[PDB]
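So the protein sequences, as listed, match chains B and D.
Per PDB author numbering, residue 591 is the first one in the first sequence, and the count goes up by one each step.
Per PDB author numbering, residue 737 is the first one in the second sequence, and the count goes up by one each step.
All residues carry an ideal CB built from backbone N, CA and C; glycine is no exception.
Following: one structure in structure tokens, then a few remarks.
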Amino acid sequence: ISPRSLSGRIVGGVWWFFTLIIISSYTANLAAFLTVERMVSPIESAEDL
Amino acid sequence: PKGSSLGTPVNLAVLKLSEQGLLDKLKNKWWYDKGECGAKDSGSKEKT
């Protein structure tokens with residue numbers, strides 16, 4: 591966010607694309623676990639119990 | 737064999753070994769103790 595920088599543009603371009611992929615994957619995984627309700631079984635084994 | 741002297745004593749000894757735990761102990765000894773795959777389920781980490 592400072593004036594015009596030839597290098598700052600590529601930094602904020604790669605960074606913007608990176609954070610875009612990150613937030614997209616976050617939303618996608620959140621929908622994946624609000625849609626897929628798979629009952630996880632805790633500590634079935636006796637030794638871990 | 738039918739009518740053998742060892743029939744009933746072995747029939748009782750099997751139950752005696754099962755109730756004592758020696759049968760399960762031998763099972764674990766020759767299956768898991770000598771088993772090549774030692775990590776078994778205690779170290780699998782139960783990925784979740």
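Original post:
What whole-angstrom Cβ distance do residue 642 (chain B) and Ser778 (chain D) have, given they're in contact under 8 Å?
Top reply: Limits of chain B in this structure are 591 at one end and 639 at the other, which puts residue 642 (chain B) out of reach.
Subject >> Interface partners of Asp777 (chain D) on chain B, CB under 7 Å >> reply: By 1-based counting over the second sequence, the position of residue 777 (chain D) is 41. The contacting residues are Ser635.
**OP:** Hey, could you find the ends of the alpha helix (DSSP H) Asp638 (chain B) is sitting in?
**Re:** For this step, residue 638 (chain B) is matched to residue 48 along the first sequence. Neither: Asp638 (chain B) is in no alpha helix (DSSP H) and is coded neither H nor E.
**OP:** Kindly say whether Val604 (chain B), judged by its beta-carbon, lies nearer than 8 Å to any beta-carbon of chain D.
**Re:** Within the first sequence, the letter at position 14 stands for residue 604 (chain B). No, no contact with chain D.
Subject >> Contact with chain D by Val626 (chain B), beta-carbon distance below 8 Å >> reply: The residue given as residue 626 (chain B) occupies position 36 in the first sequence. No, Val626 (chain B) does not count as interfacial toward chain D.
Subject >> Within chain B, partners of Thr784 (chain D) - CB distance below 8 Å >> reply: Locating residue 784 (chain D) in the second sequence gives position 48, counting from the first residue. The contacting residues are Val630.
Original post:
If you run the structure through DSSP and keep just helix, strand and coil, what is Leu742 (chain D)?
Top reply: Position 6 of the second sequence, counted from the start, is the residue given in the question as residue 742 (chain D). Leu742 (chain D) falls in the coil class under three-state DSSP.
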